[PDB]
Amino acid sequence: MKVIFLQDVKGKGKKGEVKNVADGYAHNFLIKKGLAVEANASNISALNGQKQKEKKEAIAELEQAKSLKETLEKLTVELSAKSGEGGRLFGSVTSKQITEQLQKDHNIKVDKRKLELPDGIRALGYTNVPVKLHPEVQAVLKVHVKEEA
Amino acid sequence: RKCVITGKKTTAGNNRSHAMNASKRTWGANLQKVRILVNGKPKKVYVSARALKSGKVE
RNA sequence: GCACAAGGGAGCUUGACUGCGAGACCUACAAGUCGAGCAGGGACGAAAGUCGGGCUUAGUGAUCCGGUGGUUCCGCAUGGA
RNA sequence: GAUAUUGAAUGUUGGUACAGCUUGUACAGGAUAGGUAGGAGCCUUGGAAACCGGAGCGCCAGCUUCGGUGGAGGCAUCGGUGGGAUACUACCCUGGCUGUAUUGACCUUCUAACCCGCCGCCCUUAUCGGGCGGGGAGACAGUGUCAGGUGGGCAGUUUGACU
RNA sequence: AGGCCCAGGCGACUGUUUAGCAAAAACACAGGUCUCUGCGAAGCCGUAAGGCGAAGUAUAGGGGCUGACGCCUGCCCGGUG
RNA sequence: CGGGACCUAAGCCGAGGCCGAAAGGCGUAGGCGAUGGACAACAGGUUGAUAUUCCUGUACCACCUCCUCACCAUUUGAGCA
RNA sequence: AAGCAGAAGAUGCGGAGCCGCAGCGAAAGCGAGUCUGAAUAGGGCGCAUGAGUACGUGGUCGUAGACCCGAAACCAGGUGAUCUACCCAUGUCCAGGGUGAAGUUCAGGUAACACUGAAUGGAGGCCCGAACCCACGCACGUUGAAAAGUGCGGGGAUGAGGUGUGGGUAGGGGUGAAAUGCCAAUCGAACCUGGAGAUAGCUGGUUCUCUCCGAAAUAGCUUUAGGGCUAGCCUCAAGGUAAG
RNA sequence: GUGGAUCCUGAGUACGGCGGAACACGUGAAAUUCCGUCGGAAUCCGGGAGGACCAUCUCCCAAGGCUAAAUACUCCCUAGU
RNA sequence: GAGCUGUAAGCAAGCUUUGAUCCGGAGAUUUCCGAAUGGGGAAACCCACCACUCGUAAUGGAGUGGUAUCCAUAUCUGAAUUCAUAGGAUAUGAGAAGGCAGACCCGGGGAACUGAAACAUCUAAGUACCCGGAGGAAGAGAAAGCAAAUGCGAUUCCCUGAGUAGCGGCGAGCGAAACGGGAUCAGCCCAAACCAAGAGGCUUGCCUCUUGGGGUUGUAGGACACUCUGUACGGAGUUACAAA
């Protein structure tokens, strides 16, 4: 009544049940070739590491989302003019590139797949708001501005 | 007939029936032909039902 | 064996008793039978007295094993069980 | 038979644990109101009383459920001839019900243990045995305890004395 | 190197049986019938493995009963299986 | 000649193995085992004896080349098989 | 006492223990008294009325072969189908004389058949009858020639047959055309070795002498009635005394 | 030796149900110990025993392995009785 | 240190005071059967193979060694399958199979006669007997021990307790233990936390594989940390005490 599947299979448990499991069912099938289990001290703690190892990874991921947050806010004004012209309109295309690529104007780089703006951005020059959306867990804030040339 | 994993053995006993007389009766150990690993690779060896639970992998 | 009624009829009634018991009969033993009288408390009768179940002699039996009550007894170290 | 070997599901059902709602209706309050810690508060066009039906409950007195209509309100507590006592908020319960959460019986089916005096291949020249694949069987069987039956079929003995 | 003719009971016959008291009216047999058995068999010999049945397959095997052949083989399932 | 340097039957032993409190039981491969199959010597003589054994004649089977002839072929392979 | 010394001897030394000195009650306890009982009542027992202890001899009783003789039979462990019962495998034996079936052939005969007559053919738990296998008659045998045979008859004698050789089945068993038969001259459970010196109310036998006393065959019971235990009767010893 | 902030001190075991044996103890008021069959603990604030069981108290650390000598017995080699 | 050639005492031919015959220690040879073990086998026998040697013109044949099985350690190969494994080949093995003191004690099997005046719980008994094991002793043994106060400090055996405590158709019978007195008297280690070395599954990490240190106690001991003292001239040792 104590095993650790980890590799859930229709069983009332995933990542390995730490509480009362089925018995005699694993003695010949589950354990053999299937998903070994022995929820006995030794094997337990070891799973821990992985669960243990990804407790370290949990830290990692959570903080990936929230290192990177904070990292880009105080940013110097994004001065990427989008060819403002046309008697009061623009020429430059404001969509995905200038939004994200506005970071390596010094070096750092990002991924265009993180932008957060439902509507496409009206081709203006004003305070183009850029709510950096790296991951669901963590959101950021960026800006964009157009100039005349 | 003896299993290798443990020292279980047949042990003679008696049938103490009502108005115990009582008739003799040997008691064999429980056993299974399920495969066990000795020098590689199986098979085959008998195993006690008690030892078969948990413990050594089939 | 009994009309000095133990035989029949009524009144009051439970001695149809608790501890006993000097001494004998019965005699392989086990057991069986009678008993004056002492004390505790009573019944009847005014008292005297009588009552330790039936006129007498049969109507029943071990030990072991368990059941149920009464127990200022014991109860595997000490307290209870 | 149970159990241990001893599988996975489904179906039914049980057991509980949980969430929730409704129900608890004793002269009396004022009734035909579970109580208890709080609370002096209400609630009402985020449409109130009222009715009208659906709906359940029931002490068939009443309670409730909803909505129709309605159209601006209902209270109590309190004072009270009942053990409390209510605008109520909190709590947890009485009945009931629903899900949830787990299990164990059934319930089927499958299928990797197990099972093959089944087939091929190899050991290996070998109907033994075994590997190895295939197939059928299957959570049984077989065996292991444990229990009840049947059982001269096989044993141990008795079956008196007086006369 | 056969004594025969008859008449009845029992047993079809040949055969077999208590070596060392009884050879037969006994036993057995073919036949008849019932029952069980689907193969890893029912029955078994064995704690088991193995083997018989069987290099068989319900027209085949195991067991009970009855005894060639002819005429037949009636009734009863309450009780005991 | 009979048996063994040949074979196999009933049966037995039996590596590993299958089973069994132990001892052992069972059974492959293999082996054992004639009462069977295969297999070359026949006539007279001889002693107080033993003679299809010794002997006088004629033989027969199997195997081996210091040998004697005959036929062949050098992996296009004579032959042993 | 074991034991430590000491010719494996005695004697030592070791007081661990044992028994006695006063019990009663089931115990609690109390004590020359204690118990039963409300009981300074009664009664049971013990006191009052006082000898044991350790060895030696003997009478005996218990636990052990327990006084010797004797079972049939039980269990355990082994040995044997060289006789016999049967099975398996492989060989071998059956002088001769009769009966005549199926089938076949040739003729009769039919449309073909059936059928009919001769020839041919040789089957049979067939007939007669020797080897052989048996074992029904009688007699002789019975300290026999012999632990089953002989003499004269009899049955089967080509088969459910006789028989050789080798092998198999082992005793709470095998085998058995079955009778409780057979398994080494043994069979309702074979043979030897062990438990066993089994047991036994039943049987037989207890071996030197004298002297003194001297019974009983009844009762109560008893799975007892052909045993047994107490009482009746006997004997020895110590006391009471002179009870009879 | 000083310290007790952290870790160890013998797992399918120890025990319990069922079924037996062995402990003088015959399954009962009954241990304890050793077996089979199923369940199955704490681990130092711990555990076991002290003749059911519980609390207290008193002792001891089981589920690992070693151990001479005191003791028993002679087929036998010496000597003696 | 004078006779010897066994019984065997009579017979032939010989050995020895340059010392036999004899007694003892250490050896040698040691045929064949026999656990047997090259193969088979009906015990005292047959048939071989592989190398060396003798001999033969050659075959045949004769002597010397090896060749049973299982297990253990190794070294190469190699089936379904590719790896691999099973399996096979070869080498190294005073290993193991056996015998027996009819004895003694442990383990696993294990009755019945008998007693209970029968017989079924029990007795006989865990006795006879079978098997597995050993050793000269084995078993047991250093506390989950007794036990009930000023407590005793491993087992074994002997004397006691005692025929007591108890068990028991509470029948028949069975039968302790502690304390006390003696014999002989030694007590230690393996597992587990931790350190060091080697590897290896894996996600750095990490959790077990192996080899040595560390450490083996209960008014608890040790790992860990902190103090000293040591690595000797001390102690111990082949019988436990680690091994020799």
# chains A, B, ... in the order shown; residues from 1 in each chain; ligands from 1
call {"tool": "residues_around", "arguments": {"residues": "residue 46 of chain E", "least_positions_apart": "4", "cutoff": "10 Å", "atoms": "only C-alpha atoms (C1' of nucleotides)", "output": "PDB file with N, CA and C atoms (P, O5', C5', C4', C3', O3' and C1' of nucleotides), in the first residue's frame"}}
result
ATOM      1  P     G E  50       5.774 -35.631 -14.530  1.00  0.00           P
ATOM      2  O5'   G E  50       5.999 -37.179 -14.831  1.00  0.00           O
ATOM      3  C5'   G E  50       7.275 -37.674 -15.206  1.00  0.00           C
ATOM      4  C4'   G E  50       7.411 -39.141 -14.888  1.00  0.00           C
ATOM      5  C3'   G E  50       6.453 -40.071 -15.617  1.00  0.00           C
ATOM      6  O3'   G E  50       6.885 -40.399 -16.927  1.00  0.00           O
ATOM      7  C1'   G E  50       6.422 -40.580 -13.319  1.00  0.00           C
ATOM      8  P     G E  51       5.811 -40.594 -18.108  1.00  0.00           P
ATOM      9  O5'   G E  51       5.083 -41.965 -17.748  1.00  0.00           O
ATOM     10  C5'   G E  51       5.801 -43.190 -17.733  1.00  0.00           C
ATOM     11  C4'   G E  51       5.022 -44.284 -17.043  1.00  0.00           C
ATOM     12  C3'   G E  51       3.686 -44.652 -17.671  1.00  0.00           C
ATOM     13  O3'   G E  51       3.818 -45.524 -18.781  1.00  0.00           O
ATOM     14  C1'   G E  51       3.411 -44.391 -15.343  1.00  0.00           C
TER      15        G E  51
ATOM     16  P     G F  25      15.847 -45.520  -4.688  1.00  0.00           P
ATOM     17  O5'   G F  25      14.522 -44.804  -5.206  1.00  0.00           O
ATOM     18  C5'   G F  25      13.251 -45.153  -4.673  1.00  0.00           C
ATOM     19  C4'   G F  25      12.155 -44.305  -5.267  1.00  0.00           C
ATOM     20  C3'   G F  25      12.149 -44.200  -6.785  1.00  0.00           C
ATOM     21  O3'   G F  25      11.542 -45.315  -7.415  1.00  0.00           O
ATOM     22  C1'   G F  25      11.937 -42.045  -5.858  1.00  0.00           C
TER      23        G F  25
END
call {"tool": "residues_around", "arguments": {"residues": "segment 7-14 of chain C", "least_positions_apart": "5", "cutoff": "9 Å", "atoms": "only C-alpha atoms (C1' of nucleotides)", "output": "PyMOL selection string"}}
result
chain C and resi 2+43-44
call {"tool": "closest_atom_pairs", "arguments": {"of": "chain D", "to": "chain A", "cutoff": "9 Å", "atoms": "only C-alpha atoms (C1' of nucleotides)", "output": "JSON lines"}}
result
{"residue": "D:6", "atom": "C1'", "partner": "A:24", "partner_atom": "CA", "distance": 7.3}
{"residue": "D:7", "atom": "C1'", "partner": "A:25", "partner_atom": "CA", "distance": 6.7}
{"residue": "D:8", "atom": "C1'", "partner": "A:25", "partner_atom": "CA", "distance": 8.9}
{"residue": "D:112", "atom": "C1'", "partner": "A:29", "partner_atom": "CA", "distance": 6.4}
{"residue": "D:113", "atom": "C1'", "partner": "A:28", "partner_atom": "CA", "distance": 5.7}
call {"tool": "closest_residue", "arguments": {"among": "A:82, A:66, A:53, A:134", "to": "chain I", "atoms": "only C-alpha atoms (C1' of nucleotides)"}}
result
A:53
call {"tool": "residues_around", "arguments": {"residues": "residue 145 of chain I", "least_positions_apart": "5", "cutoff": "12 Å", "atoms": "only C-alpha atoms (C1' of nucleotides)", "output": "PyMOL selection string"}}
result
(chain H and resi 49-50+59-61) or (chain I and resi 152-155+178)
call {"tool": "write_last_selection", "arguments": {"atoms": "C-alpha atoms (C1' of nucleotides)", "output": "PDB file, in the first residue's frame"}}
result
ATOM      1  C1'   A H  49      10.808  -9.366  31.170  1.00  0.00           C
ATOM      2  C1'   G H  50       9.178 -10.063  36.418  1.00  0.00           C
ATOM      3  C1'   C H  59      15.955  -5.544  36.460  1.00  0.00           C
ATOM      4  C1'   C H  60      17.583  -6.314  31.451  1.00  0.00           C
ATOM      5  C1'   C H  61      18.799  -4.496  25.590  1.00  0.00           C
TER       6        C H  61
ATOM      7  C1'   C I 152      22.590 -11.232  43.334  1.00  0.00           C
ATOM      8  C1'   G I 153      26.590 -10.611  38.179  1.00  0.00           C
ATOM      9  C1'   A I 154      28.233 -16.319  31.974  1.00  0.00           C
ATOM     10  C1'   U I 155      27.139 -21.397  31.084  1.00  0.00           C
ATOM     11  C1'   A I 178      15.197 -20.280  42.161  1.00  0.00           C
TER      12        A I 178
END
call {"tool": "residues_around", "arguments": {"residues": "segment 164-176 of chain I", "least_positions_apart": "4", "cutoff": "7 Å", "atoms": "only C-alpha atoms (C1' of nucleotides)", "output": "ChimeraX atom specification"}}
result
/H:24-26 /I:116,121,123
call {"tool": "write_last_selection", "arguments": {"atoms": "C-alpha atoms (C1' of nucleotides)", "output": "PDB file, in the first residue's frame"}}
result
ATOM      1  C1'   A H  24       7.379 -31.076  35.115  1.00  0.00           C
ATOM      2  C1'   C H  25       2.887 -27.983  32.931  1.00  0.00           C
ATOM      3  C1'   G H  26      -2.305 -32.954  28.962  1.00  0.00           C
TER       4        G H  26
ATOM      5  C1'   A I 116      -4.400 -47.299  33.637  1.00  0.00           C
ATOM      6  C1'   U I 121      -7.361 -38.680  26.611  1.00  0.00           C
ATOM      7  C1'   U I 123       1.441 -44.093  30.300  1.00  0.00           C
TER       8        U I 123
END
call {"tool": "closest_atom_pairs", "arguments": {"of": "chain B", "to": "chain H", "cutoff": "10 Å", "atoms": "only C-alpha atoms (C1' of nucleotides)", "output": "tab-separated table"}}
result
residue	atom	partner	partner_atom	distance
B:8	CA	H:36	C1'	9.1
B:9	CA	H:36	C1'	9.0
B:10	CA	H:36	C1'	8.2
B:11	CA	H:36	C1'	7.1
B:12	CA	H:36	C1'	9.1
B:13	CA	H:20	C1'	6.1
B:14	CA	H:20	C1'	6.6
B:15	CA	H:20	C1'	8.4
B:16	CA	H:20	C1'	8.3
B:27	CA	H:36	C1'	6.9
B:28	CA	H:36	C1'	8.3
B:29	CA	H:36	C1'	7.6
B:30	CA	H:37	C1'	9.1
B:50	CA	H:12	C1'	7.9
B:51	CA	H:12	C1'	8.3
B:53	CA	H:12	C1'	8.9
B:54	CA	H:12	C1'	9.2
B:55	CA	H:12	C1'	9.2
call {"tool": "write_last_selection", "arguments": {"atoms": "N, CA, C and O atoms", "output": "compact mmCIF listing (two decimals), in the first residue's frame"}}
result
# COMPACT_ATOMS: atom_id res chain seq x y z
N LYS B 8 12.47 -21.83 4.34
CA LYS B 8 11.22 -22.54 4.58
C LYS B 8 11.34 -24.01 4.22
O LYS B 8 11.94 -24.37 3.21
N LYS B 9 10.75 -24.87 5.05
CA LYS B 9 10.83 -26.31 4.87
C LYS B 9 9.53 -26.97 5.31
O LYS B 9 8.79 -26.43 6.13
N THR B 10 9.25 -28.15 4.75
CA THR B 10 8.10 -28.93 5.19
C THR B 10 8.30 -29.38 6.63
O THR B 10 9.38 -29.84 7.00
N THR B 11 7.26 -29.25 7.45
CA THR B 11 7.33 -29.63 8.85
C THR B 11 6.09 -30.41 9.27
O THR B 11 4.98 -29.89 9.22
N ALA B 12 6.29 -31.66 9.69
CA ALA B 12 5.19 -32.53 10.07
C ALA B 12 4.43 -32.00 11.28
O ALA B 12 5.03 -31.47 12.22
N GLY B 13 3.11 -32.15 11.25
CA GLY B 13 2.25 -31.70 12.33
C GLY B 13 1.14 -32.70 12.59
O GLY B 13 1.22 -33.84 12.12
N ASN B 14 0.12 -32.29 13.32
CA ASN B 14 -0.99 -33.19 13.64
C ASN B 14 -2.35 -32.51 13.52
O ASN B 14 -2.49 -31.33 13.84
N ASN B 15 -3.34 -33.26 13.07
CA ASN B 15 -4.71 -32.76 12.97
C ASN B 15 -5.46 -32.97 14.28
O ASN B 15 -6.07 -34.02 14.49
N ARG B 16 -5.42 -31.97 15.15
CA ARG B 16 -6.09 -32.07 16.44
C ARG B 16 -7.59 -31.82 16.28
O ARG B 16 -8.10 -30.75 16.62
N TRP B 27 2.98 -30.83 6.90
CA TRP B 27 2.65 -29.49 6.42
C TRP B 27 3.69 -28.95 5.43
O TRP B 27 4.75 -28.49 5.84
N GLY B 28 3.38 -29.02 4.14
CA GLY B 28 4.26 -28.47 3.13
C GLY B 28 4.21 -26.95 3.08
O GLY B 28 3.20 -26.34 3.43
N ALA B 29 5.31 -26.34 2.65
CA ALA B 29 5.38 -24.89 2.49
C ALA B 29 4.70 -24.44 1.20
O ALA B 29 4.66 -25.18 0.22
N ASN B 30 4.17 -23.22 1.20
CA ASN B 30 3.62 -22.62 -0.01
C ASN B 30 4.76 -22.31 -0.98
O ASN B 30 5.84 -21.89 -0.56
N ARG B 50 5.58 -15.99 0.91
CA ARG B 50 5.93 -14.89 1.79
C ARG B 50 7.07 -14.05 1.21
O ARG B 50 7.00 -12.82 1.19
N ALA B 51 8.11 -14.73 0.74
CA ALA B 51 9.26 -14.06 0.15
C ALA B 51 8.88 -13.37 -1.16
O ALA B 51 9.49 -12.38 -1.55
N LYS B 53 6.24 -11.68 -1.92
CA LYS B 53 5.74 -10.33 -1.68
C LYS B 53 6.90 -9.36 -1.52
O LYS B 53 7.85 -9.64 -0.79
N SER B 54 6.80 -8.20 -2.18
CA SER B 54 7.86 -7.20 -2.20
C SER B 54 9.23 -7.84 -2.44
O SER B 54 9.35 -8.76 -3.25
N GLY B 55 10.24 -7.35 -1.73
CA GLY B 55 11.55 -7.97 -1.75
C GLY B 55 12.20 -8.05 -3.12
O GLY B 55 12.22 -7.07 -3.87
call {"tool": "select_by_dssp", "arguments": {"residues": "segment 15-52 of chain B", "states": "helix (DSSP H, G or I)", "output": "count of residues only"}}
result
4
call {"tool": "residues_around", "arguments": {"residues": "segment 17-24 of chain D", "least_positions_apart": "4", "cutoff": "8 Å", "atoms": "only C-alpha atoms (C1' of nucleotides)", "output": "VMD selection string"}}
result
chain D and resid 34 57 64 94 to 96 100 to 101
call {"tool": "write_last_selection", "arguments": {"atoms": "C-alpha atoms (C1' of nucleotides)", "output": "PDB file, in the first residue's frame"}}
result
ATOM      1  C1'   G D  34     -33.570  23.515  16.166  1.00  0.00           C
ATOM      2  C1'   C D  57     -42.186  19.369   3.265  1.00  0.00           C
ATOM      3  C1'   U D  64     -40.494  26.320   2.519  1.00  0.00           C
ATOM      4  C1'   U D  94     -31.846  16.809  14.121  1.00  0.00           C
ATOM      5  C1'   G D  95     -34.216  14.545   9.744  1.00  0.00           C
ATOM      6  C1'   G D  96     -33.585  14.276   4.648  1.00  0.00           C
ATOM      7  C1'   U D 100     -17.713  15.015  -3.735  1.00  0.00           C
ATOM      8  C1'   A D 101     -13.900  11.568  -1.435  1.00  0.00           C
TER       9        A D 101
END
